Amino acid sequence: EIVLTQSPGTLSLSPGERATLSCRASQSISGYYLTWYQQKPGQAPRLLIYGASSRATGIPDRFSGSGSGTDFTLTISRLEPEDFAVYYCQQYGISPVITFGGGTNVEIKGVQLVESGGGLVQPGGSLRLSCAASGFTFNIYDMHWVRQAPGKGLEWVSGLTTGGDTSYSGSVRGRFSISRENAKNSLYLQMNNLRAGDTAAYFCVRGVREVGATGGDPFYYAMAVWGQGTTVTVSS
Amino acid sequence: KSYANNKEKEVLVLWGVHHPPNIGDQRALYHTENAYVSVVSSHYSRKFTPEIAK
Amino acid sequence: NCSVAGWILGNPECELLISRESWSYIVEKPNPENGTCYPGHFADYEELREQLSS
Ligand SMILES: *[C@@H]1O[C@H](CO)[C@@H](O[C@@H]2O[C@H](CO)[C@@H](O[C@@H]3O[C@H](CO)[C@@H](O)[C@H](O)[C@@H]3O)[C@H](O)[C@H]2NC(C)=O)[C@H](O)[C@H]1NC(C)=O
Ligand SMILES: *[C@@H]1O[C@H](CO)[C@@H](O[C@@H]2O[C@H](CO)[C@@H](O)[C@H](O)[C@H]2NC(C)=O)[C@H](O)[C@H]1NC(C)=O
């Protein structure tokens, strides 16, 4: 999937002001296809916007966007110092590969998952992580493991549909390995051949209602919900 | 779309018609509350226009 | 050469033969030439034939 480019990766603006941000890619890419996030450093991500127009649950009305094809856009009606944060740009490939804009700081001038096992290993070594599920049907949704270095642009390590079509990156593939369990309500990621590129924080992530089941659960081609992540490092 | 035989043998064909239990799927997937399908042949022909039915 | 459709409907190359008022039995060939000059599904072909058995 395609290289994105946010615009800007960091900005500095005053109260009572809008804020235009433009995340655009190589090719023109169909527009119910992106979703838009925020993060307070220390906090996990939060979801805001999807498909270049439309708005998530539990909300104001100020963050609002437009744009299509090559250039997707999220604008903002009002700025506030509680919005001090890095906003992200996450798109589902048709090569089923999430791609990531590299975070966009606003500076303002004057149900759940649980991860398991983050920590140290030796470089070139071997270690496993898991996630475990709480209060839903891990049957349905398409899952994703994701990475994030501290105060950097993200990278997407892996994801998998509930039928078995994997997607990895060509660099990450083989060294990691995913495997999934619905009856147990948990996920597994056995990892080997580990170097300093993995020196970063990771997240387990729940995405897409595939086509069908009973529930009060609609779907986007955005995420559903995130986990609190955990750190992993090689060091000696 | 269509097909007709080149194989010169007889053929057996199956298809289906979606009846969601809620509408939010129907708008989200297909973007019409209208259902109209027409699966047609010379001898046989039939259409379908269903709704949500919980 | 006609079909039962060609007989009943009034296909002009099916001689109408209104004088034929009642008769012994119906004759066809197996592979009747003149079906309808403008096609269309002709439902309950069976039932009409059985009704026009006699
Ligand atoms: C009653 O039955 C006769 C015998 O089947 C019908 O005549 C035949 O109809 C076929 C239809 O395909 C004719 O072939 C076609 O010819 C035309 C040129 O006239 C051409 O455009 C088509 O592509 C096809 O080749 C066939 O020649 C014809 N033969 C004769 C001797 O008439 C007739 O049409 C039927 N009439 C009614 C009222 O049902
Ligand atoms: C029944 O169908 C045959 C077709 O085989 C018709 O035969 C044609 O007859 C005419 C003369 O009447 C010839 O000029 C044609 O060449 C014949 N065609 C063939 C294929 O043999 C026959 O006329 C038809 N009869 C009726 C009553 O419709």
# chains A, B, ... in the order shown; residues from 1 in each chain; ligands from 1
$ residues_near_ligand --ligand "ligand 2" --cutoff "9 Å" --atoms "only C-alpha atoms and all ligand atoms" --output "MDAnalysis selection string"
chainID C and resid 1:2 13:15 32:34
$ residues_around --residues "region 138-150 of chain A" --least-positions-apart "5" --cutoff "6 Å" --atoms "only C-alpha atoms" --output "JSON list (two decimals) with C-alpha atoms, in the first residue's frame"
[["chain", "number", "residue", "atom", "x", "y", "z"],
["A", 155, "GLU", "CA", 4.46, 1.93, 11.39],
["A", 156, "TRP", "CA", 2.04, -0.96, 10.82],
["A", 157, "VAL", "CA", 3.46, -4.39, 11.58],
["A", 158, "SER", "CA", 0.65, -6.78, 10.74],
["A", 159, "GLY", "CA", -2.99, -7.57, 10.47],
["A", 160, "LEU", "CA", -5.23, -10.41, 9.48],
["A", 161, "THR", "CA", -8.77, -11.01, 8.39],
["A", 162, "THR", "CA", -10.84, -13.62, 10.17],
["A", 182, "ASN", "CA", -11.79, -16.99, 19.07],
["A", 185, "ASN", "CA", -10.89, -14.89, 23.19],
["A", 200, "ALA", "CA", 9.43, 0.97, 20.34],
["A", 201, "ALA", "CA", 5.86, 0.69, 21.69],
["A", 202, "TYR", "CA", 3.21, -1.58, 20.15],
["A", 203, "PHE", "CA", -0.59, -1.84, 20.18],
["A", 204, "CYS", "CA", -3.22, -4.54, 19.70],
["A", 205, "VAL", "CA", -6.12, -3.13, 17.72],
["A", 206, "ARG", "CA", -9.68, -4.24, 16.78],
["A", 207, "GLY", "CA", -10.97, -3.23, 13.36],
["A", 208, "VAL", "CA", -13.64, -4.38, 11.02],
["A", 209, "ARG", "CA", -16.92, -6.15, 11.29]]
$ closest_atom_pairs --of "chain B" --to "chain C" --cutoff "12 Å" --atoms "only C-alpha atoms" --output "tab-separated table"
residue	atom	partner	partner_atom	distance
B:40	CA	C:41	CA	11.2
B:41	CA	C:41	CA	9.9
B:42	CA	C:41	CA	7.4
B:43	CA	C:41	CA	6.7
B:44	CA	C:41	CA	8.1
B:45	CA	C:41	CA	8.6
B:46	CA	C:41	CA	11.2
$ write_last_selection --atoms "C-alpha atoms" --output "PDB file, in the first residue's frame"
ATOM      1  CA  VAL B  40     -33.671 -14.064 -15.941  1.00  0.00           C
ATOM      2  CA  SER B  41     -33.708 -16.810 -18.570  1.00  0.00           C
ATOM      3  CA  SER B  42     -35.984 -17.827 -21.429  1.00  0.00           C
ATOM      4  CA  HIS B  43     -37.995 -20.421 -19.553  1.00  0.00           C
ATOM      5  CA  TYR B  44     -37.444 -19.179 -16.017  1.00  0.00           C
ATOM      6  CA  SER B  45     -37.375 -15.573 -14.941  1.00  0.00           C
ATOM      7  CA  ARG B  46     -37.875 -13.932 -11.584  1.00  0.00           C
TER       8      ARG B  46
END
$ closest_residue --among "A:223, A:129, A:136, A:32" --to "chain B" --atoms "only C-alpha atoms"
A:32
$ select_by_dssp --residues "region 29-200 of chain A" --states "helix (DSSP H, G or I)" --output "PyMOL selection string"
chain A and resi 81-83+196-198
$ write_last_selection --atoms "N, CA and C atoms" --output "PDB file, in the first residue's frame"
ATOM      1  N   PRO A  81      -6.844  24.582  24.107  1.00  0.00           N
ATOM      2  CA  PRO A  81      -5.618  23.997  24.678  1.00  0.00           C
ATOM      3  C   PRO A  81      -5.785  22.572  25.194  1.00  0.00           C
ATOM      4  N   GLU A  82      -7.015  22.078  25.374  1.00  0.00           N
ATOM      5  CA  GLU A  82      -7.231  20.663  25.649  1.00  0.00           C
ATOM      6  C   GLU A  82      -6.994  19.778  24.440  1.00  0.00           C
ATOM      7  N   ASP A  83      -6.933  20.344  23.235  1.00  0.00           N
ATOM      8  CA  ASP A  83      -6.655  19.591  22.026  1.00  0.00           C
ATOM      9  C   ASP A  83      -5.165  19.386  21.762  1.00  0.00           C
ATOM     10  N   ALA A 196      16.957  -3.490  16.470  1.00  0.00           N
ATOM     11  CA  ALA A 196      16.595  -2.235  17.121  1.00  0.00           C
ATOM     12  C   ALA A 196      15.449  -1.492  16.440  1.00  0.00           C
ATOM     13  N   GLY A 197      15.030  -1.887  15.231  1.00  0.00           N
ATOM     14  CA  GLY A 197      13.851  -1.284  14.628  1.00  0.00           C
ATOM     15  C   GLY A 197      12.593  -1.540  15.427  1.00  0.00           C
ATOM     16  N   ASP A 198      12.546  -2.670  16.117  1.00  0.00           N
ATOM     17  CA  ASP A 198      11.494  -2.996  17.060  1.00  0.00           C
ATOM     18  C   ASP A 198      11.612  -2.265  18.397  1.00  0.00           C
TER      19      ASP A 198
END
$ residues_around --residues "region 10-26 of chain B" --least-positions-apart "4" --cutoff "9 Å" --atoms "only C-alpha atoms" --output "VMD selection string"
(chain A and resid 211 to 212 214 218 to 219) or (chain B and resid 5 30 to 33 37 48 50 to 54)
$ residues_around --residues "region 91-100 of chain A" --least-positions-apart "5" --cutoff "6 Å" --atoms "only C-alpha atoms" --output "ChimeraX atom specification"
/A:1,33-34,167
$ write_last_selection --atoms "N, CA, C and O atoms" --output "short mmCIF file (atom, residue, chain, number, x, y, z; two decimals), in the first residue's frame"
data_model
loop_
_atom_site.label_atom_id
_atom_site.label_comp_id
_atom_site.auth_asym_id
_atom_site.auth_seq_id
_atom_site.Cartn_x
_atom_site.Cartn_y
_atom_site.Cartn_z
N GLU A 1 0.89 -1.19 0.00
CA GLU A 1 0.00 0.00 0.00
C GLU A 1 0.92 1.23 0.00
O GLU A 1 2.14 1.11 0.09
N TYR A 33 -12.05 5.24 3.23
CA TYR A 33 -10.84 4.45 3.15
C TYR A 33 -9.82 4.85 4.21
O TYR A 33 -8.95 4.02 4.57
N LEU A 34 -9.90 6.09 4.71
CA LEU A 34 -9.08 6.67 5.75
C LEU A 34 -9.88 6.86 7.02
O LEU A 34 -11.10 7.03 7.00
N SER A 167 -1.88 -9.86 6.15
CA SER A 167 -1.06 -8.84 5.52
C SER A 167 0.03 -8.40 6.48
O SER A 167 -0.22 -8.08 7.65
#
$ select_by_dssp --residues "region 116-213 of chain A" --states "strand (DSSP E)" --output "VMD selection string"
chain A and resid 116 120 to 121 126 to 133 143 to 148 154 to 160 166 to 168 176 to 181 186 to 192 200 to 206
$ closest_residue --among "C:4, C:27, C:17, C:37" --to "ligand 1" --atoms "only C-alpha atoms and all ligand atoms"
C:37
$ residues_around --residues "region 17-28 of chain A" --least-positions-apart "3" --cutoff "8 Å" --atoms "only C-alpha atoms" --output "ChimeraX atom specification"
/A:2-8,13-14,68-79,89,101
$ write_last_selection --atoms "N, CA, C and O atoms" --output "mmCIF file, in the first residue's frame"
data_model
loop_
_atom_site.group_PDB
_atom_site.id
_atom_site.type_symbol
_atom_site.label_atom_id
_atom_site.label_comp_id
_atom_site.auth_asym_id
_atom_site.auth_seq_id
_atom_site.Cartn_x
_atom_site.Cartn_y
_atom_site.Cartn_z
ATOM 1 N N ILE A 2 0.317 2.403 -0.136
ATOM 2 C CA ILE A 2 0.923 3.580 -0.737
ATOM 3 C C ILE A 2 1.491 4.493 0.343
ATOM 4 O O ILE A 2 0.960 4.565 1.458
ATOM 5 N N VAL A 3 2.564 5.209 0.013
ATOM 6 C CA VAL A 3 3.146 6.201 0.900
ATOM 7 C C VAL A 3 2.178 7.373 0.999
ATOM 8 O O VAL A 3 1.703 7.916 -0.023
ATOM 9 N N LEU A 4 1.855 7.711 2.243
ATOM 10 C CA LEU A 4 1.147 8.911 2.625
ATOM 11 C C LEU A 4 2.126 10.029 2.922
ATOM 12 O O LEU A 4 3.336 9.821 3.031
ATOM 13 N N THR A 5 1.574 11.225 3.059
ATOM 14 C CA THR A 5 2.311 12.404 3.475
ATOM 15 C C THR A 5 1.287 13.307 4.138
ATOM 16 O O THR A 5 0.363 13.805 3.484
ATOM 17 N N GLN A 6 1.428 13.458 5.443
ATOM 18 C CA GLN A 6 0.643 14.424 6.181
ATOM 19 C C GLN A 6 1.074 15.835 5.815
ATOM 20 O O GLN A 6 2.078 16.041 5.127
ATOM 21 N N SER A 7 0.284 16.814 6.252
ATOM 22 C CA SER A 7 0.650 18.207 6.115
ATOM 23 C C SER A 7 -0.084 18.989 7.196
ATOM 24 O O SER A 7 -1.323 19.069 7.148
ATOM 25 N N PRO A 8 0.625 19.554 8.199
ATOM 26 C CA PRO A 8 2.016 19.449 8.665
ATOM 27 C C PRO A 8 2.190 18.381 9.719
ATOM 28 O O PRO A 8 1.213 17.935 10.305
ATOM 29 N N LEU A 13 -0.571 27.226 16.770
ATOM 30 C CA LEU A 13 -1.707 28.101 16.495
ATOM 31 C C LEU A 13 -2.358 28.516 17.804
ATOM 32 O O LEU A 13 -2.080 27.947 18.855
ATOM 33 N N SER A 14 -3.247 29.516 17.722
ATOM 34 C CA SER A 14 -3.805 30.231 18.860
ATOM 35 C C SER A 14 -5.253 29.815 19.125
ATOM 36 O O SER A 14 -5.898 29.222 18.258
ATOM 37 N N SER A 68 -10.869 13.993 -1.276
ATOM 38 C CA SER A 68 -11.147 12.785 -2.022
ATOM 39 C C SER A 68 -9.897 12.454 -2.816
ATOM 40 O O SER A 68 -8.946 13.247 -2.868
ATOM 41 N N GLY A 69 -9.900 11.254 -3.398
ATOM 42 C CA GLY A 69 -8.842 10.746 -4.236
ATOM 43 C C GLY A 69 -7.474 10.822 -3.606
ATOM 44 O O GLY A 69 -7.205 10.203 -2.575
ATOM 45 N N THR A 70 -6.587 11.568 -4.265
ATOM 46 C CA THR A 70 -5.196 11.636 -3.834
ATOM 47 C C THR A 70 -5.044 12.433 -2.548
ATOM 48 O O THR A 70 -4.125 12.158 -1.760
ATOM 49 N N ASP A 71 -5.918 13.437 -2.333
ATOM 50 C CA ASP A 71 -5.783 14.389 -1.234
ATOM 51 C C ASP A 71 -6.990 14.276 -0.316
ATOM 52 O O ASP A 71 -8.101 14.689 -0.672
ATOM 53 N N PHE A 72 -6.757 13.697 0.858
ATOM 54 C CA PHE A 72 -7.731 13.648 1.933
ATOM 55 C C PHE A 72 -7.373 14.730 2.938
ATOM 56 O O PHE A 72 -6.213 15.137 3.049
ATOM 57 N N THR A 73 -8.395 15.239 3.621
ATOM 58 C CA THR A 73 -8.252 16.445 4.416
ATOM 59 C C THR A 73 -9.150 16.380 5.634
ATOM 60 O O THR A 73 -10.325 16.018 5.536
ATOM 61 N N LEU A 74 -8.577 16.743 6.775
ATOM 62 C CA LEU A 74 -9.331 17.016 7.986
ATOM 63 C C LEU A 74 -9.041 18.442 8.402
ATOM 64 O O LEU A 74 -7.879 18.809 8.602
ATOM 65 N N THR A 75 -10.100 19.231 8.520
ATOM 66 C CA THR A 75 -10.062 20.580 9.038
ATOM 67 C C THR A 75 -10.658 20.578 10.432
ATOM 68 O O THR A 75 -11.104 19.551 10.948
ATOM 69 N N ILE A 76 -10.564 21.734 11.069
ATOM 70 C CA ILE A 76 -10.964 21.918 12.456
ATOM 71 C C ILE A 76 -11.626 23.276 12.532
ATOM 72 O O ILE A 76 -11.108 24.251 11.985
ATOM 73 N N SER A 77 -12.776 23.332 13.208
ATOM 74 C CA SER A 77 -13.533 24.572 13.313
ATOM 75 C C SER A 77 -12.964 25.481 14.395
ATOM 76 O O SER A 77 -12.828 26.691 14.180
ATOM 77 N N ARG A 78 -12.650 24.919 15.568
ATOM 78 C CA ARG A 78 -12.083 25.673 16.680
ATOM 79 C C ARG A 78 -10.951 24.887 17.318
ATOM 80 O O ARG A 78 -11.002 23.660 17.425
ATOM 81 N N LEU A 79 -9.953 25.639 17.761
ATOM 82 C CA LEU A 79 -8.819 25.155 18.518
ATOM 83 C C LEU A 79 -8.995 25.481 20.003
ATOM 84 O O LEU A 79 -9.558 26.520 20.359
ATOM 85 N N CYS A 89 -3.310 9.502 10.698
ATOM 86 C CA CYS A 89 -3.910 9.302 9.380
ATOM 87 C C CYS A 89 -3.739 7.843 8.945
ATOM 88 O O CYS A 89 -2.705 7.492 8.370
ATOM 89 N N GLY A 101 0.103 7.988 8.136
ATOM 90 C CA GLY A 101 0.738 9.280 8.245
ATOM 91 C C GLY A 101 1.451 9.434 9.576
ATOM 92 O O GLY A 101 1.040 8.886 10.601
#
